[PDB]
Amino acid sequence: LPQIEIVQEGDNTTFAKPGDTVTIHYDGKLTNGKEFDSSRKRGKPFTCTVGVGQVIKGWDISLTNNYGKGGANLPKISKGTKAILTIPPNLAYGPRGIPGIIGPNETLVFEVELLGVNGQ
């Protein structure tokens, strides 16, 4: 499943649940270290609804703590938390990927900051 490493610690009280909307700042890199996207470089944070299949599965799993099932190496991310998500080609864009930006069978690394959840 996805992998999460916690670089920094949030409030530890605010966690996203499926159907919740989250706001995130992120940089996305390949395992080789080349950046393919940054929310901050754009100057705009990303907002989405998690747990509805709106975004790739690795994002849905990490943000909702696996829909509350819990997971191996799956620590929960809270508001103000900084974490690294490693997403396998499954749970992301797969064998096809999305040209131009992503090659076939790519493992993706996201460095993310969870600015807010829902009302916040």
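Throughout, we count residues from 1 along the sequence that is shown.
21 to 29 versus 92 to 100 - greater average Cα B-factor per the deposited record | Comparing 92 to 100 with 21 to 29, the higher mean C-alpha B-factor belongs to 92 to 100.
Looking at the deposited entry, does 58 to 66 or 33 to 41 carry the larger mean Cα B-factor?
-> Per the PDB record, 33 to 41.
Place residue 75 in the lowest, middle or highest third of its chain's C-alpha B-factors, as listed in the PDB entry.
-> Middle third - that is where residue 75 ends up once the chain's C-alpha B-factors are sorted.
Is the Cα B-factor recorded for residue 16 in the lowest, middle or highest third of its chain?
-> Its C-alpha B-factor belongs to the middle third of this chain's values.
Compared with the other modelled residues in the chain, in which third is the CA B-factor of residue 108?
-> Highest third - that is where residue 108 ends up once the chain's C-alpha B-factors are sorted.
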